[PDB]
Amino acid sequence: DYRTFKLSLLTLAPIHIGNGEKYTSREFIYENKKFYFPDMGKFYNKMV
RNA sequence: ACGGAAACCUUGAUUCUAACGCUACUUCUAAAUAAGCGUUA
C-alpha cells in the first residue's frame with residue numbers, strides 16, 4: 001500500500017540551506033587560494 | 001471459741017495455608033531557517 005519514489009536533484013545553481021549560525025572572520029583563514037575553516041576546539045588546544 | 005480451716009478456673013493451642021495491582025494503548029498530527037534591497041551616489 002506504500003509507493004516509493006526516487007527524486008534525483010541536480011543543482012543548476014548554488015543552493016544554501018542554513019542552520020541560523022554564521023562563521024565570523026575570526027574563524028576562517030583566506031590563504032593559498034582557499035578558505036580554511038578550522039575546528040575552534042582543536043585550534044585552541046594547539047594554541048594552549 | 002465466726003458452717004468454719006486449707007484450695008489459681010489452671011495446664012497445652014501461630015488468626016494460619018493459597019493468590020503477580022494485572023490485561024490493551026506510537027507523546028502523536030501539518031510546518032523549506034526563511035522574507036524584504038529602497039533612496040542617493
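Just the heavy atoms: all of them, side chains too, but no hydrogens, waters or symmetry mates, feed the values below. By convention in this document, chain letters (A, B, ...) are assigned in the order of the sequence lines, proteins followed by strands, and residues within each chain are numbered from 1.
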Only distances under 3.5 Å count here; give the side-chain donor-acceptor pairs of residues 15-27 of chain A to other protein atoms, sequence neighbours excluded, each with its distance to 0.1 Å.
from     : atom 1 : to       : atom 2 : distance (Å)
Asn19(A) : OD1    : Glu21(A) : N      : 3.2
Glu27(A) : OE1    : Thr24(A) : N      : 3.3

With a cut-off of 5.5 Å for ring centres and 30° for planes, do [N] and [M] stack?
N: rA31(B); M: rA32(B); result: no
N: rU10(B); M: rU11(B); result: yes
N: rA24(B); M: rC25(B); result: yes

Looking only at whether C1'-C2'-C3'-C4' is positive or negative, is the sugar of [N] north or south?
N: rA32(B); answer: south
N: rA30(B); answer: north
N: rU29(B); answer: north
N: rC9(B); answer: south
N: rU14(B); answer: south

Can you give each donor-acceptor pair under 3.5 Å made by side-chain atoms of residues 30-38 of chain A, sequence neighbours left out, with the distance rounded to 0.1 Å?
from     : atom 1 : to       : atom 2 : distance (Å)
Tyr30(A) : OH     : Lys33(A) : NZ     : 3.2

Taking [M] as the reference, what is the distance to [N] when you measure between their [atom1] atoms (whole Å, please)?
N: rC28(B); M: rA32(B); atom1: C1'; value: 23 Å
N: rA6(B); M: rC2(B); atom1: P; value: 15 Å
N: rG21(B); M: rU17(B); atom1: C1'; value: 22 Å

Item to check | For RNA chain B, the dot-bracket pattern of Watson-Crick and G-U pairs whose distances stay under 3.5 Å, | for other-strand partners | outcome: .........................................

Next on the checklist: Heavy-atom count check: over 12 atoms from other residues, nucleotides or ligands less than 6.0 Å from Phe28(A) CZ?
Outcome noted: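 Buried by this count: over 12 neighbours within 6.0 Å.
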
Item to check | Outermost nucleotides of RNA chain B that come under 4.0 Å of a non-hydrogen atom of chain A | outcome: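 First-to-last contact on RNA chain B, by the 4.0 Å heavy-atom rule, is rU33(B) to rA34(B).
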
Item to check | Fellow cluster residues of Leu10(A), listed by chain then number, with links counted only when side-chain atoms sit under 4.5 Å apart | outcome: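 Members other than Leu10(A) - counting any ILVMFWY side chain reachable under 4.5 Å - are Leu12(A).
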
Checklist entry - Syn or anti for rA24(B), taking syn as within 90° of 0? => result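 The base of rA24(B) is oriented anti (glycosidic angle more than 90° from 0).
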
Checklist entry - Looking at the angle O4'-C1'-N9-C4 for a purine or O4'-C1'-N1-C2 for a pyrimidine, is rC8(B) syn or anti, with syn meaning within 90° of 0? => result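 Syn, since the glycosidic angle lies within 90° of 0.
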
Checklist entry - Can you tell me how far the OH atom of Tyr44(A) sits from the CG atom of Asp39(A), to the nearest 0.5 Å? => result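 If I round to the nearest 0.5 Å, the distance is 13.5 Å.
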
Item to check | Selection: residues 10-22 of chain A, any non-hydrogen atom under 4.0 Å of RNA chain B | outcome: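 Correct list: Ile17(A), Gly18(A), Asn19(A), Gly20(A).
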
